[PDB]
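We begin with a single chain expressed as structure tokens, specifically the form deposited in one PDB entry.
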């Protein structure tokens, strides 16, 4: 299979519910690429939007490059830089066990990516291990963020005027990691991304969250089943037997006002101090770099 003249579609490397991702070859440049395909069917496809957001993000550390956008037949096409495995894939590879050092190494970078997205007037609204990828080669130590499928402006580009507080929202992201605010149908802001990262971190520590694996025919039902267990579990019980810093983090994030600018530095500082007190070095050796 080919896409136009310049690209070679290889084998599928990811299924997204938005589109599917193929490993590919830029034949004209002699470089491996990732190629996202979306089928056009209505007059509101969303890959055109996602690519316009990627482009506004460019020149960010841990933002993949976009090489080409256009259409062939009834498919929208996005060609981007190829990245390594997801943190979900790496977790599975490491037997669903990460060391505290690996979790803290990741935490520092994952706050910084989210910060950078917020600095560009957007919230992500789909923060999950699947959506963080390690780079390849010289970028093997660099955590990337992908999938701006569900991203939106939280403040005016011009004025920095925050979006107003609104309720009864469409529950559209992944329920395992959704903020308590998202569960009550409250409009998402910067605090919701950072809380979601909190649940991602405790996911890596535990191996699973105590609200996982609950069957539902519907997306609405998935959120509601998880909501009950989540809202009945104190931050302090969730994180018990782990460094206080994981509690302090989730607590800080839940205490933020709708339209508060987070202290991204403080949250980074928390994990750094724990990191140094444990006696770890920032050598960028994750558990999987030790595989012989």
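Note that the rigid core is defined as the largest set of C-alphas that superpose within 1.5 Å between two forms. Positions refer to the first chain, counted from 1.
Just so it is clear, the following notes concern the form solved in complex with a partner chain, a form of the same protein that is not shown.
Taking non-hydrogen atoms only, residue 174 approaches its partner chain to within 4.5 angstroms in the bound PDB entry. Contact annotation: residue 223 falls within 4.5 Å of its partner chain in the bound PDB entry, judged by heavy atom distances. Interface residue remark: residue 100 is not counted as part of the site for its partner chain in the bound PDB entry, having no heavy atom within 4.5 Å. At the 4.5 Å threshold, heavy atoms of residue 125 reach its partner chain in the bound PDB entry. Screening 154-162, 189-197, 215-223, 104-112 for residues having heavy atoms within 4.5 Å of its partner chain in the bound PDB entry returns a single hit, 215-223.
A heavy atom within 4.5 Å of its partner chain in the bound PDB entry is found for one listed residue only; from 150, 202, 82, 142, this is 150. Of the residues 71, 206, 136, 184, just one CA atom moves 2 angstroms or more between the shown form and the other one under rigid-core superposition; it belongs to 71. A displacement of less than 2 angstroms separates the C-alpha positions of residue 152 between the shown form and the other one, with the rigid core held in common. Residue 245: CA moves less than 2 Å between the shown form and the other one after rigid-core fitting. Once the cores line up, the CA of residue 27 ends up 2 angstroms or more apart between the shown form and the other one.
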